[PDB]
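This report concerns only the one structure given below.
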Amino acid sequence: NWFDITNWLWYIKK
Amino acid sequence: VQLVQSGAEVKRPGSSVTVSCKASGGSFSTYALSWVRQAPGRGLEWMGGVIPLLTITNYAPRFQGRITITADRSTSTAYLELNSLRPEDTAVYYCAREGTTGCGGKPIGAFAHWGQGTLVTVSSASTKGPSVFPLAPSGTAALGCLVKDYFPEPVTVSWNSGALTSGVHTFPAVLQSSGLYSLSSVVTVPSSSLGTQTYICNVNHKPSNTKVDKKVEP
Amino acid sequence: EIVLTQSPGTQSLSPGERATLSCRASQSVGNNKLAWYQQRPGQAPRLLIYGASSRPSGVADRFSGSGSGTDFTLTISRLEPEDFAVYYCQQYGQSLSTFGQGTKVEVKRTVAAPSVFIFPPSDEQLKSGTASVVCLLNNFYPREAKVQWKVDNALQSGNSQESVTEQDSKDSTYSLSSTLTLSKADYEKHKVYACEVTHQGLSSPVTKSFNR
Ligand SMILES: [Cl-]
Ligand SMILES: [N+]
């Protein structure tokens with residue numbers, strides 16, 4: 001799901 | 001987060017349109033930006049989106065082969081390109097950015113932030129100012145103005161320079177077989193006022209600089 | 001592709017009443033990624049609910065979302081005047097996001113028959129080679145109405161267009177304008193110009209007419 005990618009990006013960038 | 005889109009566009013059939021969306025506030029690169037359109041009188045349709053940092057696009061199958069969505073990190077601007085335009089592509093195009101939850105910037109996927117929309121009109125018509133004709137009145141009388149054969153949208157109409165709003169109905173334009181628009185504006189008033197009171201319809205079509213103050217009398 | 005069904009497409013309710021709006025999905029929505037938006041005429045959509053039941057901080061707590069799988073509901077606990085608008089559901093549980101076709105929540109009021117007016121073409125327009133005849137159907141409820149143009153009692157087709165106003169914010173009525181367009185030459189071939197109106201508030205059709 002493309003709509004989940006920015007959540008992962010957010011999580012890994014913390 | 002504020003999203004500001006480029007202005008209304010008239011495009012010929014078979015041409016390509018580019019619409020821009022500039023974001024100010026928050027972060028741009030790490031949040032999903034989508035384009036959604038709405039044809040006149042119809043529903044919202046999701047067209048596609050982009051995640052700028054990763055350059056990952058995602059297009060609705062219906063538009064795959066006709067759309068390009070790009071993002072410019074230097075200007076926090078996203079672009080929609082739609083090719084091979086047809087009359088059916090006439091619509092308001094909105095940019096929409098996903099929201100966040102909490103104070104940490106966690107994204108929510110759903111579209112919290114919307115641009116003001118861009119009307120793209122797909123037409124072969126040329127700019128044309130309307131003719132303004134009275135709809136003369138015959139306890140209650142109706143009178144109005146017919147604003148005929150203009151392009152493109154929009155036209156605004158007031159009565160008595162905004163002093164008269166009670167009982168006024170300004171109707172949506174119709175698109176005629178010429179590809180020109182027509183609209184009507186009416187007002188109901190006491191029959192007894194037709195002798196005493198003046199009724200003037202103020203028509204404004206900015207693209208043609210047509211500004212008519214039409215006195216409607218019995 | 002997930003098809004979202006919003007049925008009914010219109011709900012006529014009174015201020016203060018509860019509203020429940022249905023969104024049914026053709027397939028299970030991934031991780032209940034279901035959003036609701038409000039849209040008022042001339043405005044961009046506004047997010048009310050995301051993730052089926054989450055409400056953004058700014059949004060009135062009279063809005064709530066529920067459901068999961070294929071079966072979602074937006075609840076408005078008590079309708080305020082500003083809540084009469086269109087509501088769209090959206091799934092984003094797979095890369096192809098879709099919307100429902102929308103449900104319009106409109107103000108229920110008493111049946112009101114249209115007041116019907118017919119306007120001949122202006123002398124000014126007739127100078128120009130075209131004749132537009134206008135029929136106004138004023139302040140009626142509900143929205144469903146039919147206009148038929150007759151010229152010397154011949155039913156017209158393909159030479160008229162109409163449009164309808166948004167529901168009036170004060171009296172909850174609709175109005176409709178229809179234009180019949182002819183060449184001046186064709187307009188001068190006929191005597192009787194009539195618009196015939198059908199509406200729930202009328203026990204039989206109303207005709208307004210003039211003789212050229
Ligand atoms: Cl709200
Ligand atoms: N392509």
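Cβ placement follows ideal geometry from the backbone for every residue including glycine, while neighbour counts extend to all protein chains displayed. Only the coordinates and a few stated rules stand behind these numbers; no lab work does.
What are the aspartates and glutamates whose alpha-carbon lies under 12 Å from the alpha-carbon of C:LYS150, with same-chain residues fewer than 8 places away excluded?
C:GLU196
To the nearest 500 deg cm²/dmol, what mean residue ellipticity at 222 nm is calculated for the protein assembly as shown from DSSP H runs of n ≥ 4 alone, each contributing -39,500 (n - 2.57), summed and divided by the residues?
Value at 222 nm, helices only: -1000 deg cm²/dmol.
Going down the list B:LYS128/C:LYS127; C:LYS127/C:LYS208; B:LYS214/C:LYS170; B:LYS148/C:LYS108; C:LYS104/C:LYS170; A:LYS13/B:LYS22, which pairs span over 22 Å between their C-alpha atoms?
C:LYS127/C:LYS208; B:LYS214/C:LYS170; B:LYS148/C:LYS108; A:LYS13/B:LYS22
Which of C:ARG40, C:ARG46 has the fewest other C-beta atoms within 10 Å, and how do the rest follow up to the most?
C:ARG40, C:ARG46
Residue by residue through C:162-168, how many Cβ atoms from other chains fall within 10 Å of the Cβ on average?
Mean number of neighbouring Cβ atoms from other chains: 3.
What relative contact order, as a whole-number percentage, does chain C give when Cα pairs under 8 Å and 6 or more residues apart are counted?
Taking the mean separation of contacting Cα pairs over the length of chain C, I get 18 percent.
Return the Cα extents of the stretch B:131-216 along principal axes one, two and three, sorted largest first, each rounded to a whole Å.
40, 23, 18
At q = 0.06, 0.11, 0.12 Å⁻¹, what is the log10 ratio I(q)/I(0) for the protein assembly as shown, with the Debye formula run over Cα points and no solvent?
-0.31, -0.96, -1.09
Give me log10 I(q)/I(0) at q = 0.10, 0.15, 0.16 Å⁻¹ for the stretch C:4-107, Debye formula, one equal scatterer per alpha-carbon, no solvent.
Results for the stretch C:4-107 at q = 0.10, 0.15, 0.16 Å⁻¹ read -0.24, -0.54, -0.62.
Quick one: order B:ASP89, C:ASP152 by neighbouring beta-carbon count within 10 Å, fewest to most.
Lowest count first: C:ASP152, B:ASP89.
Return the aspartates and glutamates within reach of B:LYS11: Cα separation strictly under 15 angstrom, same-chain partners fewer than 8 residues apart disregarded; answer none if there are no such residues.
B:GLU81, B:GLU88, B:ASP89, B:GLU153
Based on the Cα atoms of the stretch B:1-155, what semi-axes does the equivalent ellipsoid have, where each is the square root of 5 times one gyration tensor eigenvalue, given in whole Å with the largest first?
They are 37, 20, 13 Å, listed from largest to smallest.
What does the average come to when, for each residue of peptide B:46-55, you count the partner chain Cβ atoms lying within 10 Å of its Cβ?
Mean partner-chain Cβ count within 10 Å for B:46-55: 3.
Show log10 I(q)/I(0) for the stretch C:68-212 at q = 0.09, 0.16 Å⁻¹, two decimals, from a solvent-free Debye sum over equal Cα scatterers.
Reported log10 I(q)/I(0), two decimals: -0.44, -0.89.
Hey, got the average number of other protein chain Cβ atoms within 10 angstrom for residues in C:43-50?
Mean number of neighbouring Cβ atoms from other chains: 6.
Taking the protein assembly as shown as a whole, which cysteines find no other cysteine Cβ under 4.7 angstrom from their Cβ?
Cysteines of the protein assembly as shown left without a disulfide-compatible partner: B:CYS103.
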